[PDB]
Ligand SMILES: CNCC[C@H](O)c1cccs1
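First, one chain by itself: the form deposited without the named molecule, in structure tokens.
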């Protein structure tokens, strides 16, 4: 099914190795700007969203020029990025190891284009779930859906883990400006009983709604947590008939939902072709629709749809997510940089790096290609980040003066939702965004340090290399539509990387393994008898725990 086996044996890969040696390794971004008066225009692109809002993607402080980008585009052609993308959008089963379609793009098909899986259009089935989400979220928000004592819901608790948790977390944080007073969202995800205890501590069963978010509806942590929540609820409500007003399910598995005691009328469904890390667009985003309202959730979907259309219809050389993915390959595979940093200059987006860390690393942390052979090259990068300006005071020291190349994406909105003090804070925030990427590029040489007053041995400690690359992403405003487009940009960047490496970006056998590993040891923790059934470390740790546990 694959058209090639190994990225390293694409003809352009060895050409890029040669370009790395002659041009890339010692690339001077300062010299690039000096050579090319049109560099900013040539290496920046304006994305226009469906609502005519705009996002500037400026790649011009990267270690890249026309020659390098053209070679990377050739590599993408040789790798059949476009063929794989088209197959994704056709509903083909490109998740080859689970024999599944990969159809998050269908979730945000608000245009109702024909988008078939197994030869049947999905547009109406997706739309019908959205209709249900709108009805229900409207009823929560207008008080027509009351708790078992006729009170409006005040608190919504999502219970889920991984893909069934982190999108809801990140997007409700990101779009918190769009929420209403008195209607709050909460998250229980960890099996650690602290998460249950602390989240429920101050909540009222009469005014709390639970969403049990689980694709399979069999995940140990989620079902255990959901049982705990049901117990807490019934401790006050007493009668199980009242569960129908307080528990809903977001799932693909109706039989297990109903077995759990949730009415099928209170199930919001989705399909197997929605990966967890691509799921916030589905029924899994119900907490978002409740928190900010369905219209805002729908605008978020439409932002993703617009970026999908950009990705599908734009030649590679001007295709924004492809460009980002090509740069990632350049750094990962030619420079040997193992990490990718994402820094929102935006407090609402504080969980955006963690969300991307799941999307990226879970997709692309693979060692086997679509030809079912092991790679002889690096795949997925380690993605990390925190918001600025905080990050500037902390690990930015190492970004500026350490020994590791750390490609970084900085993101700013031109307009704040909270423009206090006639935009005093916002102008200060913006000034940091510009100045930090400028400093990473320009650096500060020995002569400048001397001129500034340092002498003798102090001088080298105050030098900065510069030529440290960044990508700057400037939005007008982080609206629902903008956020939709930004997530989809990273989805399709991730797609591009995986396509070049010839991996399946859409399975997760290490995550699936983790969901079956613990039960064997759990059974050994039912008593305090020493164990010797494992390696000596695992035995030592279990046995020490048995001595120290309650």
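Take the two forms, superpose them, and find the largest set of C-alpha atoms that agree within 1.5 Å; that set is the rigid core. Residue numbers count along the first chain shown, from 1.
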property: 538-546 against 524-532 - segment lying farther from this form in 6 other deposited structures of this protein (CA RMS, rigid core fit); result: 524-532
property: Which of 411-419 and 143-151 strays further in 6 other deposited structures of this protein - Cα RMS after rigid core alignment; result: 143-151
property: Stretch with the greater mean C-alpha B-factor as recorded in the entry, comparing 224-232 against 305-313; result: 224-232
property: Entry-level comparison of average CA B-factors, 212-220 and 324-332, reporting the higher stretch; result: 212-220
property: Given 403, 189, 378, 266, the residue at which the Cα B factor reaches its maximum; result: 266
property: Which of 149, 367, 164, 479 ranks first by CA B-factor in the deposited coordinates; result: 149
property: Ranked against its chain, the third holding the CA B-factor of residue 356; result: lowest
property: Residue 27 by Cα B-factor - lowest, middle or highest third of the modelled chain; result: highest
property: Residue 39 - Cα temperature factor, lowest/middle/highest third of chain; result: middle
property: Third of chain Cα B-factors occupied by residue 139; result: highest
property: Residue 407 CA temperature factor, ranked by third within the chain; result: middle
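The form solved in complex with the named molecule is left out here; the points below concern that form.
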property: Listed residue (265, 241, 114, 255) with a non-hydrogen atom within 4.5 angstroms of the named molecule in the deposited complex; result: 265
property: Interface residue in the deposited complex among 462, 93, 132, 448, criterion: non-hydrogen atom within 4.5 angstroms of the named molecule; result: 132
property: 4.5 angstroms heavy atom contact with the named molecule in the deposited complex for residue 269; result: yes
property: Which of 67-75, 285-293, 270-278, 472-480 sits within 4.5 Å of the named molecule in the deposited complex, heavy atom basis; result: 270-278
